[PDB]
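Quick note: numbers below take in every heavy atom, side chains included, and nothing from hydrogens, waters or symmetry partners. The first residue of the sequence shown is numbered 1, and numbering continues consecutively from there.
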Amino acid sequence: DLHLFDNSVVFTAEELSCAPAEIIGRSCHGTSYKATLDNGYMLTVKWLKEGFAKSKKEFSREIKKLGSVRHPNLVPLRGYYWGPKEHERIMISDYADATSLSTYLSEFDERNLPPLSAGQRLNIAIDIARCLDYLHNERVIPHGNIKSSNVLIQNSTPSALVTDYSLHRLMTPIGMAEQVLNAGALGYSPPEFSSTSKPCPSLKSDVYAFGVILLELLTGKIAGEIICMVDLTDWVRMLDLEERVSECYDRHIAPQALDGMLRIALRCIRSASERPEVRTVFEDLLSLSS
Ligand SMILES: Nc1ncnc2c1ncn2[C@@H]1O[C@H](COP(=O)(O)OP(=O)(O)NP(=O)(O)O)[C@@H](O)[C@H]1O
Ligand SMILES: [Mg+2]
């Protein structure tokens, strides 16, 4: 059983299974593969861990809502595969020849790549806020899985792409708990998640996680790395109170835009009640490009 949302990208279930496939990576959700169709079309084949996918009726209903979600800065979801076995729960999207933000930030020196300039960092940030603006305001659906590994950097336009959106919409409580736990471990969970036994990703949690991304863009540090002081967000928050915010900036980059980005990032990581709406954040990041 293979379902395609549009007639734009068409293939068989037997064509997908007999396609040259290579592992992209593994996560809390499951594993990602790159599949190359006969005509050159490249797809992302994301297998959800067994027990993570909701029952067929709910999953189909929820994923069709996600299938209609389209934005230039969001990677298109083309379909899904539902097989006779319990492990055969696959989400199918476009494949982008890119490098993720976390891979760029951590392994840029090892690779040929030059560090991201101050302008590129502002640009990535605007492309992400643009996408969340649309999700939050027009579709009223949270991403809920924001992390630097879900931000893709490509040479072609648009420079930044957001992937793996709204997965909590398709999962059992088991699936959702594993996602929240992993986001907590990586540092993307807001302070209100501590007060709940079973917290759910939301429009509010997205703005928090977006704040952590802005901090990774500004410092050049991955969110889950411990710092001698300890938390990335705590580091910046502790440095700010001690009048030492400038010291957080990546040594590979100070343009006023970085300070603008910092004031926005700090607003994003405040309590739910003081946390700005995503349109305000998008507009404020956008004013920095002028
Ligand atoms: N198209 C891509 N180009 C480059 N890197 C990618 C691409 N897709 C995924 N990656 C990276 O490969 C790894 C696996 O991606 P993925 O399977 O989406 O897991 P994740 O991003 O770690 N977590 P999640 O998406 O929430 O399940 C991550 O380090 C991604 O940043
Ligand atoms: Mg991903």
Please confirm whether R89 makes a cation-pi placement over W47, using NZ or CZ under 6.0 Å from the six-membered ring centre and within 45° of the ring normal.
no
Mind checking the CG-CG spacing from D250 to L218? Nearest 0.5 Å is all I need.
9.0 Å
Whether the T103 and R111 side chains hold a donor-acceptor pair (N or O, under 3.5 Å, no angle test) is what I'd like checked.
no
Answer yes or no: is there a side-chain heavy-atom contact under 4.5 Å between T44 and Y33?
no
Just so I know, are the side chains of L77 and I63 near enough to count as touching, which here means a heavy-atom distance under 4.5 Å?
yes
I124 vs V151 side-chain heavy atoms within contact, under 4.5 Å:
yes
Are side-chain N/O atoms of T280 and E277 paired as donor and acceptor at under 3.5 Å?
no
For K54, is there any backbone N or O sitting under 3.5 Å from a side-chain donor or acceptor partner on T172?
no
Residue pair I92 / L16, side-chain heavy-atom distance below 4.5 Å
yes
Between the side chains of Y188 and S148, does any donor sit under 3.5 Å from an acceptor?
yes
Evaluate the ring-ring contact (aromatic ring centres under 6.0 Å, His included) criterion for residues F59 and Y80: first the C-alpha distance (whole Å), next the side-chain angles of each, then the deciding distance (0.1 Å), finally the verdict.
CA-CA 10 Å; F59 186 97; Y80 68 94; 5.6 Å; yes
Is there a chain of hydrophobic side chains (I, L, V, M, F, W, Y, each step under 4.5 Å between heavy atoms) that links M229 to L232?
yes
Do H136 and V281 come close enough that some side-chain heavy atom pair is under 4.5 Å?
no
Under 3.5 Å, is there a donor-acceptor pair between the side chain of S100 and the main chain of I153?
no
When you measure from the side chain of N150 to the backbone of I146, do you find a donor-acceptor pair of N or O atoms at a distance under 3.5 Å?
no
For the backbone of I264 and the side chain of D284, can you confirm whether one donor and one acceptor N or O come within less than 3.5 Å of each other?
no
To the nearest 0.5 Å, tell me how far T163 OG1 sits from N73 CG.
12.5 Å
Of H143, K46, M176, the one forming a side chain to side chain contact (heavy atoms under 4.5 Å, CB included) with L167 is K46
Donor-acceptor under 3.5 Å (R237 side chain, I269 main chain):
yes
Under the 3.5 angstrom rule, does the side chain of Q120 hit a backbone N or O of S117 as a donor-acceptor pair?
yes
Under a 4.5 Å cut-off applied to non-hydrogen side-chain atoms, are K65 and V69 in contact?
no
When the ring planes of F108 and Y104 are compared, do they come out parallel, tilted or perpendicular, using 30° and 60° as the limits?
parallel
Between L203 and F193, is there shared hydrophobic-cluster membership here, with clusters defined by ILVMFWY side-chain heavy atoms closer than 4.5 Å?
no
Should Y165 and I141 count as side-chain neighbours, where that means a heavy-atom distance under 4.5 Å?
no
Straight-line distance of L161 CG to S93 OG, nearest 0.5 Å:
11.5 Å
Please round to the nearest 0.5 Å and tell me the distance separating atom CG of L214 and atom SG of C268.
5.5 Å
Side-chain heavy atoms of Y41 within contact of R78, under 4.5 Å
yes
Nearest-0.5 Å distance that lies between atom CG in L266 and atom CZ in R270
7.0 Å
I'd like to know if the side chain of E216 reaches the main chain of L105, judged simply by a donor and an acceptor atom lying under 3.5 Å from each other, with no hydrogens or angles considered.
no
With a 3.5 Å distance limit and no angle check, can you tell me whether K204 reaches the backbone of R275 through a side-chain donor-acceptor pair?
yes
If we ignore angles and hydrogens, is there a donor and acceptor under 3.5 Å between the side chains of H29 and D164?
no
Is it true that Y81 and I23 fall in one hydrophobic cluster, defined by side-chain heavy atoms closer than 4.5 Å?
yes
Is there a side chain to side chain contact (heavy atoms under 4.5 Å, CB included) between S68 and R139 once you walk through the steps?
CA-CA 10 Å; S68 73; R139 289 322 204 96; 3.0 Å; yes
For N182, does its backbone N or O pair with a side-chain atom of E178 as donor and acceptor, under 3.5 Å?
no
Are the side chain of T219 and the backbone N or O of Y249 linked by a donor-acceptor pair below 3.5 Å?
no
Quick check: is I253 connected to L122 through a chain of hydrophobic side chains (ILVMFWY, heavy atoms under 4.5 Å apart)?
yes
CD (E247) and CG (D240) are apart, to the nearest 0.5 Å, by 12.0 Å
I'd like to know whether CD of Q256 has more than 12 heavy-atom contacts from other residues, nucleotides or ligands below 6.0 angstrom.
no
